[PDB]
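Novice: Sequence first, structure after; it's an experimental one.
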Amino acid sequence: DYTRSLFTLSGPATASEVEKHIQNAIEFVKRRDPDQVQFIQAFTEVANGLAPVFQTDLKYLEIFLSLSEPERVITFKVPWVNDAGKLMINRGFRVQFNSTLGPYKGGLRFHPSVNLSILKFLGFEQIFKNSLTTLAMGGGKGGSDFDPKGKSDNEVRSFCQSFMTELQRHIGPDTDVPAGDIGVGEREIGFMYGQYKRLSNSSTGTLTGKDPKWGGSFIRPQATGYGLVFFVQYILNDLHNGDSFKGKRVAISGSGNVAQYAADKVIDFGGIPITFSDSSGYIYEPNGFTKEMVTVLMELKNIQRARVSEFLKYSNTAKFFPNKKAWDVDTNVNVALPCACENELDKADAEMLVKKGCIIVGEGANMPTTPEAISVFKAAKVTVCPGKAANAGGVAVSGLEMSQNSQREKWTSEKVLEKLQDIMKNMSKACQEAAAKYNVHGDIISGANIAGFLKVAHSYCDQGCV
Amino acid sequence: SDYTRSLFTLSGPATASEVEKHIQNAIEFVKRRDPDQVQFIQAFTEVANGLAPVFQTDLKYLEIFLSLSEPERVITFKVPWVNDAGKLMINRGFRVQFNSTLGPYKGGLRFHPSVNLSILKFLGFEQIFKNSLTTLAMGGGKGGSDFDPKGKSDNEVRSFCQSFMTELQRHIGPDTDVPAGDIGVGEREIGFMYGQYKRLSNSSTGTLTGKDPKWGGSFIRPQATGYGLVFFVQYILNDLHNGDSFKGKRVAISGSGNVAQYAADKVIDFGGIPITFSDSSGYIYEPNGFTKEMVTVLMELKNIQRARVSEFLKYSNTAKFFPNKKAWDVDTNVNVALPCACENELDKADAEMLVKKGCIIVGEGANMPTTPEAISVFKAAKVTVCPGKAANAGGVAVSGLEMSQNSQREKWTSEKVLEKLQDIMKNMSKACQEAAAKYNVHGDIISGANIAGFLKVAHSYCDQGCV
Amino acid sequence: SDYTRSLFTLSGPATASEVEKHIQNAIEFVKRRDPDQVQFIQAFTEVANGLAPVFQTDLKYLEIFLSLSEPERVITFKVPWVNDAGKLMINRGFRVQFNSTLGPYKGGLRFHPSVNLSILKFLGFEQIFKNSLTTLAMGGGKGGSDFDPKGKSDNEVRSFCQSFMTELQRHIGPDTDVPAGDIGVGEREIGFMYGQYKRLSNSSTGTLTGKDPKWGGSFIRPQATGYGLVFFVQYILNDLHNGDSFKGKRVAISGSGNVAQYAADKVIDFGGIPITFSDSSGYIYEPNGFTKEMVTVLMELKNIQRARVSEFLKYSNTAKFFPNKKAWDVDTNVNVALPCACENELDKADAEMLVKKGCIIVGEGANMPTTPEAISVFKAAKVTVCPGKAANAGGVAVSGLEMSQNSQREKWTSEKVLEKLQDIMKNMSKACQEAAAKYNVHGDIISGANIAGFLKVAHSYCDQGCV
Amino acid sequence: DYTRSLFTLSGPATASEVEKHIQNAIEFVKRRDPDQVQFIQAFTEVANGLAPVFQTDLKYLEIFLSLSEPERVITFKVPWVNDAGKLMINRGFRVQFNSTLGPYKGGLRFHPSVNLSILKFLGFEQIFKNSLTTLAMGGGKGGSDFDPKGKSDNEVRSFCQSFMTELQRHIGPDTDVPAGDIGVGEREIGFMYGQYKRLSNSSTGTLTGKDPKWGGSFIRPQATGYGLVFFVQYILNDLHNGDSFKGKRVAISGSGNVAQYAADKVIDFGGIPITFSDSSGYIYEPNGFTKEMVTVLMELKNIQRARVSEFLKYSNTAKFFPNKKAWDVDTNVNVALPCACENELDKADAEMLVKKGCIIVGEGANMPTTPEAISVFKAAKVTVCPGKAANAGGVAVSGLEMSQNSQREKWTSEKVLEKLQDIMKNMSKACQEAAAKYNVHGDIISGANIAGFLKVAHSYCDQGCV
Ligand code: NA
């Protein structure tokens, strides 16, 4: 330790002392930004998750507070002319929160609800999510209150070009590599890359989510679903004494890209997917979905945009249960993978799953499991894999896109998948060891919180706390 | 001509009631974008209401005004520094680069614990039109930090200033953004920040104003605001009071800082007598006026000894002190009132006394000294009010002259700087009158200053394609 | 002294016949390098022939001249932009950076469908020596696009200007290349391009001239070329016609644009009487001359209504109109002819009438107005011809004064700019006479302008190592 | 040959003629820098070592003289404030000696003895040492007369930040990549990286020796000691007819990272390390150090900062000999590894090792063996592995750190170790082949000098001698 003298708070502390210090830190965050509700909530949640670390050494709470101030925030006017010839002014943002582990990394959101508080909350959390990938990536977030909905393609191009005319000044392949998010998909990434390239007169990996013809990476559509299965597989080996997906009945909720590619990789590991779901209900195959059946489901949902119920016209064994969740299926379920939406698995759902024998839950979606549902799982000793780690496959592959751009070499699909699998392996071990080191063995949720923070905190001190 | 007409949705003349509703719509839009920036919202409201005569001629100006209210760029940044105890401190730094249509972003830096984005946006937005009025090619901006200089050692201020400029230097430059001093940022801080900027940039340029005259600074900088106030009132007296001047005028001055002191000196130069100075303890009064020698004595008490104005009674047998009273209460005739102390220092009752005491004109040395009720009293009495937005702009005008001297790599004599400052205030006073007359508020110099400052920016913004 | 002698293969004096063959070999070399650039080849040929007296004293000047004929840098670029219908349009943009020996590249931008590299190289090459003649530290350049502004909306011109400057900004700068206006690039386009340059560079500098006075522009810009023409002719009359002046002179002016209008204004200031203006439709004639009040009316018709000169007869009871005739046909005594309309507007037949009507001097406001046959007639008649390369350089002279004001961050009064323009034209007229006298072509101001412009560049090129 | 016309001296020359030309070159160097004793001595030693090359073509002597002038030297004021609040001014340096093969590369030294002569001497040799690694790296060296002794962590932080505030202007990932040296370890690299990152607003490999959490490489602490053992192992196989470290008693001098990890790799190859030494004396184990014993010694020297005599408290069989060198130990020695300091092995010590049966010497430190000692070994037929190649493992791994940074990909420890071993293998072959090509067969010292020089000399001419 070469930075000990810099910190006012140091040494061990009791749980009650840490609770008081956390509340003091929260009040300090509030006084600095009294009306940033989302950011304040995010700081409070992450701080509470790190209480075991703060008890061992109070310096970590100070570092946490120091990390809570963005290194740089750029807000800028974005003038653009709509198709009617009228000048429009929108607000643009790039929160460059932390660059300790690498260049600022995080998506861009174009949505009318976007403001500084929301981007700070997402950007702050992205620091530790990117940390967990093991890759050299910092944390950031940006976007605009520009609303793409109802706008023509030309209007989106006009906005993307004017937005990037300013953003290019603050980003770069070794500085800040933004990505997509709500309102920023392939269309917007492409428009922004063209403008960035024209202004910079350079072809670099300054954005991720690019098309494979010009710097993009394979496995991007599959990354999140595959990464979820990888993480759960490695947790089963590392925390369930050599257990595996093999022979496991896998109940999957959702019918989107995450659920589809999660089911494929489960079958690759010898598991049996038995359910898919949408807002209309869930479908169930007693003997599981084959890959060929998953392929049929993909075209119905992706091309025909149909409901899951249409699948029964293709399988004679398929059953459809209207207005029910996948957790209601009357069979034994060994693994539950919520891959649909937030708070989709509640206390009642968790109780059913425990009664049906599920040994582990993997969060494919964002915050799928309610806090009450988590409590039942902890009592039942059912492992919960946190989404911040289990669904990090997308950001992991965004880092692999940077590697390919830095190497000016496009990897084969097999190679990208191999490194994604290695990333989830190292991430799962880091979460387990972190939980064990702080005497919350098996609490992967705590392990993910600790592992992400500590790599940033220690690197911050290595670099002189600047 | 008009090459940007097609870009604006609102256009054409509008009635007074219609303009009132449109302004209210504009305010609501500003509120939704920044719902809790109280100071910025009110600043937008005040300036918008002051421009209603313009909006009635063409609603396009309201849309331009709304467009100008969004900063071109805001940079907020972490400022880590180590205090004398060896402990790491983190403060928030800001630079609001609001508008650069007329020139590089220009505006002071404030180091005070109350600093936040709303306050800096309010000051920076207003700085656009203040700098416009100087006739010089300067934009508008404002920055600073919630760093609290109170209780800090010189070394800690040095450490913070160097870390603050380590990030700020990346966003400023002699042709880009030229910051200056403000509350908490004086000669000490400007010097510390200039040293760091020079070291990192490996260049010697006019990237800050307020520099010492030994390395790029300008003469007349301490005197600029007080002199400029007297110049402006002098020119208004000539043009709107039929050749009147400061000659023979009894001038009640509030405040005892640099603005009040150098305004007093210039009043004497123009043949008037300053009769009062004041601070929080009260006001002092000389029935036959303060001489330049007496003003110098009072300066030493306030600037070196940091004493109260009452101390002056030890030096003058004729001086009278009135505790806990404002200078407007002085029991004598007052022809010119120059509020140079603080906001809302001249209220409705004060305006009424001054009218009865023979006041013909008010020159605002401080910011918003005269309350709205006081302004109504003066307009009914036909007492001219010279708005602070123009009358106290002498300081920023000389900061622009500092930039000119740096760009020319030539230090002007004090006489040359003083002449150009006087010429600036002359053209500014004429622009305010002409704007007021053109929009049928003849003699309303408050409206004229609002209009003249806004229109030069709005028209140049359209010339440049509204980018 | 001479430190670059060893670098040149050709050196020493040569006979007139030897120079003729050397010039042809130089021309053949230029043709082989650019065989189809007709305008550039002819421009090189004309200037080379005008410099034959110099080449005879030392053939190295021919080698220097040939070296100068290759641009230091030419940038051609695609300009994609979206029209009001939403359709992608691609035009070609150019910037010919011909020579920077005396200072940053300087020259206008032309937006016209006929624009190509040959035309821009011809104009840019001549711009080197024209800017040289102003005495100011300016190089030579030219740029533009085949974009056709006619039929385009203001918004479409804005889109093109912004896309055009998005690439051009990468190659220009206040100390590198300062473009200006030309055909198709006026106040609208300069403003649009300035906005885009400012946003991308994040700086406020004098990287374009022709700006509006509210943001870095200069007074006297509209009047500069017309005023400069009259200044130049006035000095030539004093120096070569034994103290003669514009006083009492009847001046036939061709054209009705800004050059002719402000030339007429300055003639009246000097006591002259302008008697004609002309258009594509014909010419108008006032027997007793146009007063400034009358010129003001013509300005409104031509600049605001953009009507033809025949409209003037509705306002003057004495005005006469002659369709399909040039102003030189006017039936009266003519003492001064000022062609300010177009190339080859004054032919041999026109010159003979003007001599018969008593013309003592011709001043070229336009470019190449006088045909080669017409020049011979005037030389035989001993009527002085003031070359356009010097006489119409007032515009570029003031563009240089705009750069000085930007570099100084100080706007000059109109009086100061006018005084400096007049002094420039005085030194230029002296430079042309002295250069002509030194090479034994006394009184040939056309050759004097060629020689004086070339030599300052040629000598400085050698000072700088011929790089 | 496209640069022949540029050189005044050319063609073959007799041995006596080469000696006269070398002496003129030395005098020319002296007149240019009459008081830079170390630099003059370094130029003289290398020039004499390259005499066989100069005899084949005198242009090489002219190239060598041309290389002796640095491309660029930046010396600069370094102002910083100590913990008492007092302004201190130190001198900073960066000698950017040659960039023919790649960006300037070399360590930074913070020590009160530092001056221009020492840095030119170290930087000049660094050119050819880096050449031998086969990696695309130039040569340089820098530092300051700042004395870390007696300074607090914060004072070192203050100096490092001010030092990098100027240095950052002259370095970069493709221009100059500094590294550590005496007085510049993990603490200083971390502090300087933090300052460089903040000022440049970028995350790149502009320093090596970084921590693996942010751009660092595995095997970096072990690289020089491991590389020394790899090199000697290959020389034993190639020049001692298939011999190896197995069963060899290895006397190691020094107790720093080089000596510790050299002992570690010796044990991997079946050898027996018997001694360690420091300024206080040397310790001796009759039956050798095990890895557990080396692990204890590492903790004493690296954490406790104690003298080697402390080891006797943990091993009953260890012996301590005050104020004596490890070469005096009374036993048979098969391999000598001087890994402590310059001129640590003198003529008398070499005589003892020959008497005790030493068959090969591996130079871990810089210039460890005196010229008199080298003569003893050459007469005795004891092979000397030159430090210029044998201790280049550290700079080799610093090049692998650069590759990983340029690839934005962290290699496994196994991958780094194999590439280090392959580099040392090719280097040992290059030294033998170069010595053979210039008819000094078996003179590995001469071979290392020739192989490093020729790649730079030929590449310099390829690039127009600019
Ligand atoms: Na790379």
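Specialist: Received, thanks. Numbers count the residues shown, from 1 in each chain, chains lettered A, B, ... in the order given.
Novice: Pull the residues that contact the helix or strand harbouring residue A:414.
Specialist: Using DSSP states H and E, residue A:414 maps to helix A:413-437. If you take Cβ atoms under 8 Å, 6 or more residues apart in numbering or on different chains as the criterion, helix A:413-437 is touched by A:132-135, A:217-219, A:222-223, A:226-227, A:230-231, A:234-235, A:238-239, A:386, A:389, A:392-393, A:396-397, A:400, A:411, A:441-444, A:446-448, A:450-451, A:454. Bear in mind the C-beta positions are built from the backbone N, C-alpha and C, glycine included.
Novice: Report the buried members of the residues you listed.
Specialist: The neighbour count (16 or more other Cβ atoms under 10 Å in any protein chain shown) marks A:132-135, A:217-219, A:222-223, A:226-227, A:230-231, A:234-235, A:238-239, A:386, A:389, A:392-393, A:396-397, A:400, A:411, A:442-444, A:446-448, A:450-451, A:454 as buried among the contacts of helix A:413-437.
Novice: sorry, back to before: pull out the buried positions in the helix holding residue A:414.
Specialist: Within helix A:413-437, the residues that count as buried by 16+ other Cβ under 10 Å are A:416-417, A:419-421, A:423-425, A:427-432, A:434-435, A:437.
Novice: In contact with residue A:159, which residues?
Specialist: Counting by Cβ under 8 Å, 6+ apart, residue A:159 touches A:78, A:80, A:88, A:90, A:110, A:144, A:146, A:151.
Novice: do that again at 7 Å, thanks
Specialist: By Cβ atoms under 7 Å, 6 or more residues apart in numbering or on different chains, the residues touching residue A:159 are A:78, A:80, A:146.
Novice: now those in a markdown table, with distance to chain C?
Specialist: What follows is those, written out as a markdown table (distance: Cβ to the nearest Cβ, whole Å):
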| residue | distance to chain C |
| --- | --- |
| A:78 | 11 |
| A:80 | 11 |
| A:146 | 18 |
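Novice: can you tell me the helix or strand for whatever residue of the stretch 151-300 of chain A ends up closest to chain C?
Specialist: Closest approach between the stretch 151-300 of chain A and chain C, counting by Cβ to the nearest Cβ: residue A:154, at 5.2 Å. In the assignment (DSSP H and E), residue A:154 maps to helix A:153-167.
Novice: how about the strands in the stretch 151-300 of chain A?
Specialist: With DSSP state E, counting those that start in this stretch, the ranges of strands along the stretch 151-300 of chain A come out as A:176-179, A:249-253, A:272-278, A:281-284.
Novice: Make TSV from those and add distance to residue D:20 to it.
Specialist: Below are these laid out as TSV (distance: least, Cβ to Cβ, whole Å):
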stretch	distance to residue D:20
strand A:176-179	60
strand A:249-253	85
strand A:272-278	86
strand A:281-284	94
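Novice: Tell me which of the ones you listed sits nearest to residue D:321.
Specialist: strand A:176-179 (58.6 Å; Cβ to Cβ).
Novice: Just the residues contacting that closest one, thanks.
Specialist: Against strand A:176-179 from outside (Cβ under 7 Å, 6+ apart): A:94, A:96, A:103-108, A:140, A:142, A:170-171, A:205-209, A:398, A:402.
Novice: Does the nearest residue to residue A:30 once chain neighbours are set aside belong to a helix, a strand or coil?
Specialist: Computed as Cβ to Cβ, 6 or more residues apart in numbering or on different chains, the closest residue to residue A:30 that is not its neighbour in sequence is residue A:40, at 5.9 Å. Classification of residue A:40 using DSSP: H, G, I helix; E, B strand; the rest coil returns helix.
Novice: How many residues are close by residue A:198?
Specialist: 17 (other Cβ atoms under 10 Å in any protein chain shown).
Novice: Apart from its neighbours in sequence, what residue is nearest it?
Specialist: residue C:166 (6.9 Å).
Novice: Help me confirm that the residue nearest to residue A:30 comes into contact with residue A:31.
Specialist: No. Residue A:40 is beyond contact range of residue A:31, at 10.6 Å (criterion: Cβ atoms under 7 Å).
Novice: who's more crowded, those two?
Specialist: residue A:40 (19 against 9).
Novice: and the one residue in the stretch 101-250 of chain A that gets nearest to chain B, what does it touch?
Specialist: Of all residues in the stretch 101-250 of chain A, residue A:166 sits closest to chain B, at 7.3 Å by Cβ to the nearest Cβ. Residue A:166 is in contact with A:76, A:78, A:92, counting by Cβ under 7 Å, 6+ apart.
Novice: Distance-wise, check it relative to chain D.
Specialist: Plainly put, residue A:166 is 16 Å away from chain D if you go by Cβ to the nearest Cβ, to the nearest Å.
Novice: In which helix or strand does residue A:450 reside?
Specialist: Here residue A:450 is assigned to helix A:444-462, by DSSP H and E.
Novice: on contacts alone, who are the packing partners of that helix?
Specialist: Helix A:444-462 sits against helix A:51-56, helix A:59-67, helix A:116-132, strand A:383-385, helix A:413-437, with contacts defined as 3 or more Cβ pairs under 7 Å, 6 or more residues apart in numbering or on different chains; DSSP states H and E.
Novice: Which residue is it, in the stretch 251-400 of chain A, that comes closest to chain D?
Specialist: Per Cβ to the nearest Cβ, residue A:399 is where the stretch 251-400 of chain A lies closest to chain D, at 7.8 Å.
Novice: Residues contacting the helix or strand hosting that residue, please?
Specialist: Using DSSP H and E, residue A:399 falls within helix A:393-407. With contacts defined as Cβ under 7 Å, 6+ apart, helix A:393-407 is touched by A:129-130, A:133, A:135, A:137, A:177, A:179, A:204-205, A:208, A:215-217, A:219-220, A:223-224, A:226-228, A:410-411, A:416, A:419-420, A:423, D:406-409.
Novice: do stretch A:44-62 as well
Specialist: Residues from elsewhere that reach stretch A:44-62, judged by Cβ under 7 Å, 6+ apart: A:7-13, A:15, A:18, A:21-22, A:25-26, A:64, A:125, A:438, A:440, A:446, A:449-450, A:453, A:457.
Novice: Between the two ends of that stretch, how far is it?
Specialist: In stretch A:44-62, first residue to last residue: 14 Å (Cα to Cα, to the nearest Å).
Novice: hmm, the helix holding residue A:399 in reach of the ion?
Specialist: Yes. Helix A:393-407 lies within reach of the ion by Cβ under 5 Å from the ion, at residue A:406.
Novice: Next, the angle from that helix to helix A:116-132.
Specialist: 70 degrees (axes from the mean of the first three to the mean of the last three Cα atoms, to 10 degrees).
Novice: So which bits of helix A:393-407 are buried?
Specialist: Buried positions in helix A:393-407, judged by neighbour count with 16+ other Cβ under 10 Å: A:393-406.
Novice: Let me know the closest of those to chain C.
Specialist: If you rank the buried residues of helix A:393-407 by distance to chain C using Cβ to the nearest Cβ, residue A:405 comes first, at 23.4 Å.
Novice: what sits against the closest residue to chain D within the stretch 151-300 of chain A?
Specialist: Going by Cβ to the nearest Cβ, chain D is nearest to residue A:174 of the stretch 151-300 of chain A, at 4.1 Å. Applying Cβ under 7 Å, 6+ apart, we find residue A:174 in contact with A:103, D:202, D:203, D:204.
Novice: Could you give the residue of the stretch 151-300 of chain A that lies closest to the ion?
Specialist: Taking Cβ to the ion as the measure, the stretch 151-300 of chain A has residue A:173 as its residue closest to the ion, at 8.6 Å.
Novice: Following the chain onward from the lengthiest strand in chain A, which element is next?
Specialist: For chain A, the strand with the greatest residue count under DSSP state E is strand A:87-98. As assigned by DSSP H and E, the chain's next helix or strand after strand A:87-98 is strand A:104-110.
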